[PDB]
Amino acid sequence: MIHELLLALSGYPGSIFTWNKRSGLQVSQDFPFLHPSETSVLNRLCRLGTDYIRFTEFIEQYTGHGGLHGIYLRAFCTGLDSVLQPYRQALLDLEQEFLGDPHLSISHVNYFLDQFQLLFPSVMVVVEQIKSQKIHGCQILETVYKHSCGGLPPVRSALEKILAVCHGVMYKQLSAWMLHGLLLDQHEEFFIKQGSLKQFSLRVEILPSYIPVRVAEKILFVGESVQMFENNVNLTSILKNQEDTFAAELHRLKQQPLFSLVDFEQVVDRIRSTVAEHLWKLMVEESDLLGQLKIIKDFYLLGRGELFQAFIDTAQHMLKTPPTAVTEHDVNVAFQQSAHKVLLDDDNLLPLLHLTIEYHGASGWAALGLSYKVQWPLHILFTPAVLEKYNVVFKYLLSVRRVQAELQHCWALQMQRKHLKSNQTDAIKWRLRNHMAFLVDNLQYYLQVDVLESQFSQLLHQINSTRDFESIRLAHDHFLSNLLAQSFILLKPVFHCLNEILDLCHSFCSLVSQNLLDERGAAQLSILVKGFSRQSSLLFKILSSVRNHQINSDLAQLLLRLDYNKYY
C-alpha cells in the first residue's frame, strides 16, 4: 500500500490510487483491513498528491513550450517549481526510508508530509485565480502579492519567493526601459506601452496596485528621455557610465527577497533626478534652448517688428485673396525679400522657418501659419502640439499688426494731394491720424512690455534658476498657456476696436471725398468723430486691464457684446 501511495504522491496514479480527471486522486473507501481513520488519512494524502500533479501539469504547460502565455507566467511557473522542491526532497527521503524499513506506515507518511499539506492548497488558490481569470503579465505580480499578504509564515514565505522571481522579470524590463530606452515586451505584459518618432504611455490596467501611478509616471519619463536619443551626423547616453551605478542598483533590488516600495522609489527618484539634470544641461548648455526661445519669440511672437511690417506691406496683395497653388511659394519669397529689405543678417535662421498656407485642406491671411523646424534634441520641448499653440498666438498677434498697418495706410492715402480739400477736413484728418498713431504706439508698447516681454522674462528666469528639465516644461507650459489666454481675452478685443476704427477711417475718407458747410455733411462728420473717440476711449480702458492682468468691467462688457453679436 505504501508503495502505491508513494508513487501517487509522486505523480503516478495506478490501480489503487486512481486518477479521476474531475476529482483527481482517489482510493477505495472499502479496504476491509483499514480503520476508518486510516482511510481518512489516505483521502487527505490523495488531495496532497492531486495538487502536486496539478501544479506539475501547470508548470509543464507554460515553461519549455487566447489563453495564458508570457514571460511573467513562465517566471511564475519557475518560482512554483522551486517552491515545490522541498516536497520532492521529502518524497526522495520517504523512498529511502521505505527501502530501509519496509514497515513504513501510512501514519508516518502522513506526519512527515504535514507541512506540505498546509502549504499546497493556499498556493493552489493563486494558480486557480490565474487560471480562471487569465491573469496576464504584471497582473500576475499583483495576484501573487495580494495572496502573499494572506498570512501563515510558510505560505506567505512561499509566495514571497515566487514574487521575487516574478519581480526579476519586472526589473529586467525596467532596466532595459529606464537605461536603454527599450521596451522588450512582445506579449504586452509591462505597464509602459508603445502607442518614425514613437509615443509612450502608461498601461495602467496592468500596473501592479502596490506601485503608485506617481511612481510609474517617473519610470515613464526616464525611459522616454532615453529612447529619445535618435540624434545621423554626430552621436551624443544621458546617463554617463553612471549607467553602471544604475544597472547595479536595479540588480541589487532584484536580489532583495522582499519587495520594498520605499527602497524601490528611492532608486526610481534617483534615476529620474539624474536624467532631469542631464536633460536641463543638454538643453540649456549644449543646444541653446535660451537662444531658440528667442528665435521663437522673434517670429511667433513678432519680436522682429520691422520684418513683419515690411512683410505685411509686401504680401498684402497676395494674401487678401483666397489662396491658390502658388501662394505659399510667393509668400515665402516675400518673406525673404522682407528680411533682406530689413537687413536681417543671420544667413542661417530663415532656412529653419517657413510660412504655411492652408490650400484645399477664404483669404490667404486666414490660411497663413508659421512653421519652425525644431532640431534634436529640442523637439522634446517643442512638440508639435506646442508649435500648434505658438502658431495660434502668432495669428492673433499678426492680425492686430495687420489691422494697425491698414489703419496707418488709410490715413496716409487721405493725406495725399488728390484727397486733400485744402479746408478744415484736412486738419481734422491730420489730428485723427496723429491721435490714432499715438493710440497704436501705446497699445503696442503695453502689449509688448506688460504681456510679451514680461512673460518671456519670467520664463527665462524660471529656466535659469532651476536645474531640472521638468521645471522648464512646466514654466514653458504656463507661459504658452498665458499667451493663449491673452490672445483670446486682449488681442481679440483690441483687434476688434482697431478694426472698428478702420471702418470709421474708410467712412471718413468716403464722406470727405463727396465734395459737399452742407447740413448732412457736418452731421455725418460729427457721428464719425464720436465713433473715433469712443473706440479710442475703449482701447484706453482695455489698456488698464492689460496692465493689471485682471479683466475690468469695460473689457468684460466688451467681450460680452462681442459674443452677443456672434450668436444673436
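The first residue of the sequence shown is number 1, and the count goes up from there.
The deposited sequence places 10 or more unmodelled residues between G361 and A362. In the deposited sequence, the stretch from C509 to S510 has no residues without coordinates, so the chain runs on without a break. Set 400-408 against 177-185 and average the Cα temperature factors; 177-185 ends up higher.
Stretches 517-525 and 53-61 differ in mean C-alpha B factor, with the higher average recorded for 517-525. Highest C-alpha temperature factor among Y390, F479, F488, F200, as the PDB entry reports it: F200. By the numbers in the PDB entry, the CA B factor is greatest at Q133 among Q448, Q309, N434, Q133. Sort the modelled residues of the chain by CA B factor and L538 lands in the lowest third. Among all modelled residues in its chain, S196 ranks in the highest third by Cα B-factor. The entry lists a Cα temperature factor for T466 that places it in the middle third of the chain's modelled residues. Annotation for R270: CA B-factor lies in the highest third of the chain's modelled residues. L68: CA B factor lies in the highest third for its chain, per the PDB record.
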